[PDB]
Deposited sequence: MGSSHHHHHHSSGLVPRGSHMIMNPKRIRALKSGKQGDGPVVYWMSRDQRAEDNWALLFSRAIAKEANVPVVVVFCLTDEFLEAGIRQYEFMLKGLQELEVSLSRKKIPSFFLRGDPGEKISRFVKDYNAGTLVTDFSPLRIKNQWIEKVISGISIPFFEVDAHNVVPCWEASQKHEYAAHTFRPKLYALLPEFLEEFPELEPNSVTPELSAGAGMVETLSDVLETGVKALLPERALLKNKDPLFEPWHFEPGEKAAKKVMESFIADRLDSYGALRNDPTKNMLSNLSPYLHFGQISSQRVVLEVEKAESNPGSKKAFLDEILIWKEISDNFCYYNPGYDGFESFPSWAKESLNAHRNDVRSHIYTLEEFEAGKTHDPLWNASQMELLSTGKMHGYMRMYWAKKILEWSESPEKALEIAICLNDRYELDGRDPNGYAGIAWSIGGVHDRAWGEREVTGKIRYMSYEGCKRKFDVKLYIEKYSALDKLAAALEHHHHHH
């Protein structure tokens, strides 16, 4: 293993007890550097490795769609891990409180966790550091190149981040070793799933006839299913990807984001498999740029800008520009609730909101348009930001993610973009138009697909 993937959070003397991998971002047993590091620490100390996962109350802020997807994955993971004689413990409550107590009760010798740049994880990590006396390590298992190694500062643009990342790819793009089962031999999911579903039922998104909007058959959860999705992408869609990625009437994306978000598949694995596939060099290049440069610069953004979900993290040129247009008359102003229900004047905007409500995965091209029109038809840039984050995290399966905050900040605040022609309301922020979409794809077919969904509560 490359040691630059590990960072020490707290030093100390190893205990005589097991190695505890506090799993949080990377919910998978294969292709997982955090779990492979924990197992190796355990092997040379001659103790078992165990996995712990803390189910927090944050699920109440999203929907059944994300909760079920994640919990069904965990049910499959629990079996996979137990097949390698690795027990998994599912705690309920505040990780700051619960992880400390678990380490004490269970007499852990060493604590390991995976890496996320979101604020709340760093808050928990500092709470855990105060509650423990054993060594504490962090492993970047989500990025190909460890986030603190790729760059030491906020990267202004993809083209400044690209060479830094590619300079390190020969070193860090490598195969994964096998997870060795435990040799030393060492609250109930289903109850948790059923209890949480009952808590969320009053907030389910429903049609007029009381049927749920959400269609759960577009993405089967879990590690096994994720691998099939990757394989059928390489086999059927990667060749057309470069030419058709921006056409929402074609189902030509990898569809991997719900699995990448929950860590049910490793993007390093996807990159390995795509690198070795014989297909169109332009498609491979377009796809590797998205899953390497744009995904990992989103961790760069959140990790070096703690206010990544706020106006104040925009570049100065964009703050100045949007400020100067704060008093311009908006052509329309919608509330959160009229956006949410798809009640704007624009049938193409409404159709993308319908795709979001019913599938939980809006086409990537439409996310740019969707977010830019929220800025255009809301009373202020801060309200636009609020509305865009709220609908993104409530309804996207891949939401509550660095990629989301960075994509919204790109769309509304020009983060990782540049300045364009000055307009009213949106200032110098890059503009997108309904007529622009019409030159690029059959807008009418996309609208027609989602039209019959004004059947809304």
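Residues of the deposited sequence that lack C-alpha coordinates fall in the stretches 1 to 22, 209 to 217, 489 to 498.
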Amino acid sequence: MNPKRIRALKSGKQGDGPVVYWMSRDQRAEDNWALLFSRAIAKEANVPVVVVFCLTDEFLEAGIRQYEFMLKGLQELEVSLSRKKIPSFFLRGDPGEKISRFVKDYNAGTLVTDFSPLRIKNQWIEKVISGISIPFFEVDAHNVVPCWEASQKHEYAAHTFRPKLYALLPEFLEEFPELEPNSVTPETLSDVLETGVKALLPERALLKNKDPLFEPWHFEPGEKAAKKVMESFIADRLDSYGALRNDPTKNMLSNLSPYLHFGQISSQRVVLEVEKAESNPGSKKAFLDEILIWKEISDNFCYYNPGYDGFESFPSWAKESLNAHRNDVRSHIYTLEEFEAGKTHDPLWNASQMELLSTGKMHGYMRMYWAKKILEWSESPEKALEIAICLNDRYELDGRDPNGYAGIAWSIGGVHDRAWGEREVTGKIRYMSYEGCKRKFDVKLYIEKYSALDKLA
From here on, numbers count along this sequence of modelled residues.
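According to the PDB record, 189 to 197 carries the higher mean C-alpha B-factor of the two stretches 156 to 164 and 189 to 197. Higher mean CA temperature factor, per the PDB entry, when comparing 277 to 285 with 100 to 108: 100 to 108. Of the candidates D140, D211, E223, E386, the one whose C-alpha carries the top B factor in the deposited record is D211. For the set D401, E30, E396, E44, the PDB entry assigns the largest Cα B-factor to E44. Annotation for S411: CA B-factor lies in the lowest third of the chain's modelled residues. When the CA B factors of the chain's modelled residues are split into thirds, the value for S88 lands in the highest one. Per the PDB record, residue ranking by Cα B-factor puts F59 in the highest third of the chain.
Looking at the C-alpha B-factors along this chain, the one for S38 belongs to the highest third. In this PDB entry, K295 carries a Cα temperature factor that places it within the lowest third of its chain's modelled residues.
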